[PDB]
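> got an experimental structure here, sequence first:
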Amino acid sequence: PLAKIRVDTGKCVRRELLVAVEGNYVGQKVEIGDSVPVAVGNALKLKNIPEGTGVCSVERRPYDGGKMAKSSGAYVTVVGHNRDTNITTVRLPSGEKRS
Amino acid sequence: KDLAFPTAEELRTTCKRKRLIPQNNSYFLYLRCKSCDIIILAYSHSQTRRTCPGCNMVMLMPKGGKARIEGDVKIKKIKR
Amino acid sequence: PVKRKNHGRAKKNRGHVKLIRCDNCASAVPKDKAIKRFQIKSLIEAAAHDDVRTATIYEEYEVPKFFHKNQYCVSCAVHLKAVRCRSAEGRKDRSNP
Amino acid sequence: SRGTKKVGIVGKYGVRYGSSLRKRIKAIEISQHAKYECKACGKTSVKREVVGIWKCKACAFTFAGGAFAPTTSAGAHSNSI
Amino acid sequence: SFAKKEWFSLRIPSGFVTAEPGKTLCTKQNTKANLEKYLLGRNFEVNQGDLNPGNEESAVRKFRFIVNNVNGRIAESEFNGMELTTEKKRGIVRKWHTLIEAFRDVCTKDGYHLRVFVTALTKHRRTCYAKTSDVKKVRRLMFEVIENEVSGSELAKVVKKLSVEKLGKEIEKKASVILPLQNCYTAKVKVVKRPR
Amino acid sequence: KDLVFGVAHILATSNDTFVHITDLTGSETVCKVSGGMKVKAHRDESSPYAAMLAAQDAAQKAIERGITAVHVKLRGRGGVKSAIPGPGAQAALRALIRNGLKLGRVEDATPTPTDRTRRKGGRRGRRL
Amino acid sequence: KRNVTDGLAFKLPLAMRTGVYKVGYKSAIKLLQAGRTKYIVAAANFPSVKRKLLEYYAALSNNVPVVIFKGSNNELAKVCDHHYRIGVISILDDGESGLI
Amino acid sequence: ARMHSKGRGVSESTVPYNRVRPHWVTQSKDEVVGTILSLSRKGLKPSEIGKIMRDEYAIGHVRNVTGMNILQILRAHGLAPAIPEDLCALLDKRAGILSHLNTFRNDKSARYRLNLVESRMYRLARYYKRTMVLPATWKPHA
RNA sequence: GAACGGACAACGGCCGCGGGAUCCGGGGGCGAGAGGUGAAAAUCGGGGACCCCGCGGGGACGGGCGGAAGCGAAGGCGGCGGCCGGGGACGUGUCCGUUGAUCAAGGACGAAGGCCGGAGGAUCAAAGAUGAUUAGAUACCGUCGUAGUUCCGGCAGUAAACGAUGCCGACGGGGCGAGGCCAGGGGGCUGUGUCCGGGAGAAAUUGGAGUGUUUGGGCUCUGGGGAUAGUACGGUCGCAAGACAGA
Ligand SMILES: [Mg+2]
Ligand SMILES: [Mg+2]
Ligand SMILES: [Mg+2]
Ligand SMILES: [Mg+2]
Ligand SMILES: [Mg+2]
Ligand SMILES: [Mg+2]
Ligand SMILES: [Mg+2]
Ligand SMILES: [Mg+2]
Ligand SMILES: [Mg+2]
Ligand SMILES: [Zn+2]
Ligand SMILES: [Zn+2]
Ligand SMILES: [Zn+2]
């Protein structure tokens, strides 16, 4: 399923769309940023995501919108962080370890 | 050795139920705190803390068998 | 008939003791039945100890001990002679010399 | 008046599809059709609406969950952290 | 086939008597960066009796040192770990006695994440066993004595504490109210994370 | 006592006896001579004779390559297999110090497990 | 495990067996508006905005304790009142417990 | 031996040979009964009543100072519980185990002890239904 | 039976931390073998093996302590911390007051191997493949290797599941031990081994396998010469293997 995310500011209402995460619910406060909390449903950069946590809709290039682990039951395990060179090695649902 | 007349030596050695008459090892007592004039009364093999109410100190704490008495307490058995 | 009162192993008030592997045969023997000989000897053998005195950098060097628990199954323990052939009344001995 | 001794909910499939396939889908058809307790209102009124979406019919609390259960093992583990 | 290899001495921090314990070697390189490629991952373990050549009863530990920097035929080598000698770690365990082991992950005052492994043996107060509640009691006492002694210190003084075995004697004093321990040793120290 | 130290890793398994000499780091190996280099029979590689000759050639190359003193780490196969150093363990150490290598801090360094994996042989064992 | 405790699982049925209470959210705001309630326990399952009004009104009225129960409506029915699940309990008076 | 084990433990309190009226207690027989009824409506069980009579007021048995048992006192004043203390202690043990198995369903050790406490519960209920202490249609809450 | 007290506990379920070893990947060194065996061969090795040092990945496993020591109803349970749960013994002027013992039927648990679905796969390893041995060798030995071994959900329901010894209960000699609780007076309860006697026994032996022709505590089960045969038929259960029962 898909998660319709409604964002309200002072200026406008943004209507965002994400693939639904197991544990999403209608009325959930989600946070989409760089270093938001690492609760289920939030979206943040992988450097601020701790290792061993299954993430989904992972971007392949930065600000791509999310490419990998997008169909049912899929998740991507964050294996490690190369904090120099700014590289995260992740485990894909096919078992492929991807930088 | 007579079975109907067991000597007082052997009775305290044997089990309380296995005596000729089942005899208690427990009793009651009086606890005397020094800062305190009243004498709180308690069981020998107590399962509850006993504290003197005014000038509050803990008198005896429960243990496996006989409750161990805490601090400076004069004790007096109660039998009559 | 029943040859040993303990039936060969030291198991009493257990149901199961985990198996260990024989150090000579790699057989699966329980830890209770297994013949265990703890040998503590020097690393350098006693014949060569005069030759290590001439060669140590250190004044008063203590040669280290070698620690190993030989654990033998029953078949190889009589074959390695870790257990000695005894009589029927000699079977009930338990003390080491 | 049980009706069936062993098949239960997969008695609708009759004799078709093989015993092991009917035995396999029985645990899932029990799972996908059952009412579950809403964790927002307390009532056993959560029913599946479509694959992946589970809604409580009492307090309209709808949530994204598993295909034929409200919770999967991978989904439970990410939420228990 | 061997004359292309040049020697390098090894250098420790000042904690011990010996500043330079030994010499490593490597082939001649054109750059300095290729020499750093060959050397700065290397590591070596030296016995404490070699780092303090006078005392021999403190020759039961061996200190592990990884090199971090080379400057002109000198390999600077920081602390990489301590471990008891195999003659010692097998000597301190006897039968008919309860062996008590504990480990603790702990950072120093500096950001050095260590994992300190301590052991102890219950002594004669015929089989000198301890109750496992008492083993849990000294193990909680082992956790606090590791955390007060190395997290209160920086690492250069912690490796002094491992050399003098202050971390072992503090267990034997503190746990003596519960258990008559003996051979309280820190069996192993690893560095798992460095501040940089 | 201006001698330079190296490490003598002496593996002594049941089939062979390596006499391996390296520097204090262990990453750079000065000389390694095994017992099978010294006899032509396969059954005599683990012998104390072949361990002597392997230690003779290893000590000679270590002295000419600037290793005067040595540290010894005796070793068996270890792991699931036999932790005991083999037959040519002592002969490799004896011939090493008897050929001009002044030893210090000899140690037993075998790979002892804290409860290993399953050992070869099967449950009934190696029936011979 | 020791058979009895003195926690909220013990005191709250004792207050309902010996004492005056009301179950339900409508009754909760009728008592808070009348100042008659001395203690409030809500399940964690209770709606947060309805829960926030109870906490606000209690902080108005003499700092009445509101306690979030570690459980749900169905686990508050695991105490003395058991005909139905319990969203919130307004304790008018607790006859024998040490709730207050 | 034990009903559901193999232990043959004998740790049991021994009553004295002679019931001794406690001269050390200062309070009357009607003062003792009022305290017991107060502790029962305070929430304590009849075993906990006699413990706190013995430890705090040094009344070793209330039969010494009253001539009635604690259940005889509660039955006299109508405060006899609906389910007896023996059965309610097994019911809280059964419910406590069963709530643990709600989140720990692999605990085959606890499901063994669940069928053991329920067997003691149904054994006790059959006796209490026999002597009219408990209604014949009584069921434990599932 | 219930409560309580201070203890005790490899009792279980789960969560988290950790340990080194085997194997693999990768880098550096070395330079000819290594492996394996009773002996060899297969195998890997200048495309740099083995060995030495670092890093990495992964699964499995808790060595030493570890014992005629603990716990559990049995199967079984051994790194550490925590949570939830359980347990017996002891102690007690706590409660209830006969609520009990044993069991057809019935129910639950039940090692290994096996089966089903899912995940995983380091070691070991049925089958299979080889190299040998041998008169032969479908085996023992070497190497490799699938199921499997591992985890989760279920099935299955068997073992030399043994103490080859049903459960409950009364009584019965000393000695030595390393259990737990209590007491403080080579003490009492309760476990647990051991040794010597008594008695028993065909004997080995044995604190019950004693208190049995001086034969009677209760309750359940089984045996009735060997073989046929734990086979067949019928039945029930199982996905199957088969199990139960049974001539
Ligand atoms: Mg068995
Ligand atoms: Mg029974
Ligand atoms: Mg009794
Ligand atoms: Mg290489
Ligand atoms: Mg199985
Ligand atoms: Mg299996
Ligand atoms: Mg499978
Ligand atoms: Mg293989
Ligand atoms: Mg048939
Ligand atoms: Zn006082
Ligand atoms: Zn063997
Ligand atoms: Zn709802």
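Sure thing, it's come through. Residues are numbered from 1 along each chain as shown, chains lettered A, B, ... in the order given. Ligands and ions are numbered 1, 2, ... in the order given.

> may I ask which helix or strand encompasses residue 63?
Picked chain A for this. Under the criterion of DSSP states H and E, residue A:63 resides outside all helices and strands.

> actually it's chain E I care about, not the one you picked
Residue E:63 belongs to strand E:61-70, assigned by DSSP H and E.

> right, is the very next helix or strand once past that strand up against chain C?
Downstream of strand E:61-70, the next assigned helix or strand under DSSP H and E is strand E:74-84. No. Contact of strand E:74-84 with chain C (Cβ under 8 Å from any Cβ of the partner chain) is absent, the minimum separation being 12.1 Å. The way it works is simple: take the backbone N, C-alpha and C, and place the C-beta from them, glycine included.

> what sits up against strand E:74-84?
Residues outside strand E:74-84 that contact it (Cβ atoms under 8 Å, 6 or more residues apart in numbering or on different chains): E:8-13, E:24, E:39, E:42-45, E:60-70, E:89, E:92, E:155, E:159, E:162, E:185-191.

> mind doing that once more with 7 Å?
Contact partners of strand E:74-84, identified using Cβ atoms under 7 Å, 6 or more residues apart in numbering or on different chains, comprise E:8-13, E:24, E:39, E:43, E:60-69, E:155, E:159, E:162, E:185, E:187-191.

> that strand pairs with which strands, parallel or anti?
strand E:5-11 (parallel), strand E:61-70 (antiparallel), strand E:181-193 (antiparallel) (DSSP bridges).

> and that strand, what's buried?
Residues of strand E:74-84 classed as buried: E:75, E:77, E:78, E:79, E:80, E:81, E:82, E:83, E:84 (neighbour count, 16 or more other Cβ atoms under 10 Å in any protein chain shown).

> residue F:3 is in contact with residue F:68, isn't it?
Yes. When contacts are counted by Cβ atoms under 7 Å, residue F:3 is listed as touching residue F:68 (3.7 Å).

> overlap of the contact sets of these two?
Shared contacts of residue F:3 and residue F:68 (Cβ under 7 Å, 6+ apart): residue F:102.

> please name the nearest non-neighbouring residue to the residue nearest the centre of chain E.
The centre of chain E sits closest to residue E:82, judged by Cα atoms, centre = their mean, with a distance of 2.0 Å. Of all residues not flanking residue E:82 in the chain, residue E:189 sits nearest, at 4.2 Å (Cβ to Cβ, 6 or more residues apart in numbering or on different chains).

> so the closest residue to ligand 11 within chain B: helix, strand or coil?
Closest residue of chain B to ligand 11, Cβ to the ion: residue B:64 (48.3 Å). Secondary structure assignment for residue B:64 (DSSP: H, G, I helix; E, B strand; the rest coil): coil.

> hmm, residue F:23 is touching residue E:21, no?
No. The pair residue F:23 / residue E:21 is not scored as a contact, 11.9 Å apart, by Cβ under 7 Å.

> strands of the chain, start to end?
Let's take chain A. Counting by DSSP state E, chain A has strands at residues A:2-8, A:13-19, A:54-55, A:76-82, A:87-91, A:97-98.

> could you do chain D instead?
D:36-37, D:44-50, D:53-56, D:62-64.

> in the longest one, what's buried?
If I follow you right, that is strand D:44-50. For strand D:44-50, burial by neighbour count (16+ other Cβ under 10 Å) applies to D:45, D:46, D:48.

> also stretch E:186-196?
Residues of stretch E:186-196 classed as buried by neighbour count (16+ other Cβ under 10 Å): E:186, E:187, E:188, E:189, E:190, E:191.

> show me what the third one is bridged to.
Right, residue E:188. Applying DSSP bridges to residue E:188 gives these bridge partners: residue E:83, residue E:117.

> how about it, what does it touch?
By Cβ under 7 Å, 6+ apart, the residues touching residue E:188 are E:82, E:83, E:84, E:117.

> and for residue E:32?
Taking Cβ under 7 Å, 6+ apart, we find residue E:32 in contact with no residue.

> for chain C, just list every one of the helices.
Counting by DSSP state H, the segments of chain C that form helices are C:49-53, C:74-79.

> what does chain F give?
Using DSSP H, helices in chain F cover F:48-64, F:89-97.

> turn the ones you listed into a markdown table, including mean neighbour count.
Below are these laid out as a markdown table (neighbours: other Cβ atoms under 10 Å in any protein chain shown):
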| stretch | mean neighbour count |
| --- | --- |
| helix F:48-64 | 21 |
| helix F:89-97 | 25 |
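
> out of the ones you listed, nearest to ligand 11?
Ligand 11 lies closest to helix F:89-97 among the helices of chain F, at 21.9 Å (Cβ to the ion).

> quick one: that closest one to helix F:48-64, angle?
30 degrees (axes from the mean of the first three to the mean of the last three Cα atoms, to 10 degrees).

> what's next to helix F:89-97, contact-wise?
With contacts defined as Cβ under 7 Å, 6+ apart, helix F:89-97 is touched by C:44-45, C:48, C:51-52, C:55, F:8, F:10, F:12, F:17, F:19, F:48, F:51-52, F:54-56, F:58-59, F:70, F:72, F:74, F:103.

> is any part of it close to RNA strand I?
No. Remark: helix F:89-97 sits outside contact range of RNA strand I, by Cβ under 7 Å from any atom of the strand, the gap being at least 11.9 Å.

> cool, stretch B:27-47 as well?
Yes. Stretch B:27-47 is in contact with RNA strand I by Cβ under 7 Å from any atom of the strand, via B:27, B:28, B:43, B:44, B:45, B:47.

> of those, which is the most crowded?
Across these, the neighbour count under other Cβ atoms under 10 Å in any protein chain shown reaches its highest value at residue B:43, namely 25 neighbours.

> phi, psi of it?
phi -90, psi 150 (degrees, to the nearest 10).

> quick check: residue G:32 is in a helix.
Yes. Applying three-state DSSP, one finds residue G:32 inside a helix.

> now do the helices in chain H.
Using DSSP H, helices in chain H cover H:29-41, H:46-55, H:62-65, H:70-76, H:85-103, H:108-130.

> what lies in contact with the fifth one?
Yep, that's helix H:85-103 we're talking about. G:1, G:3, H:45-47, H:83, H:107, H:110-111, H:113-114, H:117-118, H:120-121, H:124-125, H:128, H:140.

> tell me the contacts of residue A:93?
Residue A:93 makes contact with A:69, A:74, A:75, A:76 under the criterion Cβ under 7 Å, 6+ apart.

> what about the first one, distance to chain H?
Using Cβ to the nearest Cβ, to the nearest Å, we find residue A:69 at a distance of 29 Å from chain H.

> just the last one next, same as before
With distances taken as Cβ to the nearest Cβ, residue A:76 is found 29 Å from chain H.

> with residue F:17 instead?
Note on residue F:17: its distance to chain H, by Cβ to the nearest Cβ, is 52 Å.

> I'd say that residue and residue F:52 touch.
No. Using Cβ under 7 Å, residue F:17 is not in contact with residue F:52, being 9.6 Å away.

> most centrally placed residue in chain C?
Note: chain C centre (Cα atoms, centre = their mean) maps to residue C:37, 1.4 Å.

> count of residues packed around whichever residue of chain H sits closest to chain A?
Closest residue of chain H to chain A, Cβ to the nearest Cβ: residue H:103 (18.7 Å). If you count neighbours by other Cβ under 10 Å, residue H:103 ends up with 7.

> tell me which of the helices of chain H sits nearest to residue G:43.
Nearest to residue G:43, of all the helices of chain H, is helix H:85-103, at 16.2 Å by Cβ to Cβ.

> in that closest one, what counts as buried?
In helix H:85-103, counting by 16+ other Cβ under 10 Å, buried: H:85, H:86, H:87, H:89, H:90, H:91, H:93, H:94, H:97.

> show me the contacts for residue A:21.
Residues near residue A:21 by Cβ under 7 Å, 6+ apart: A:40, A:41, A:56, D:64.

> closest one to chain E out of those residues, please.
Closest approach to chain E among those (Cβ to the nearest Cβ): residue A:40, at 28.0 Å.
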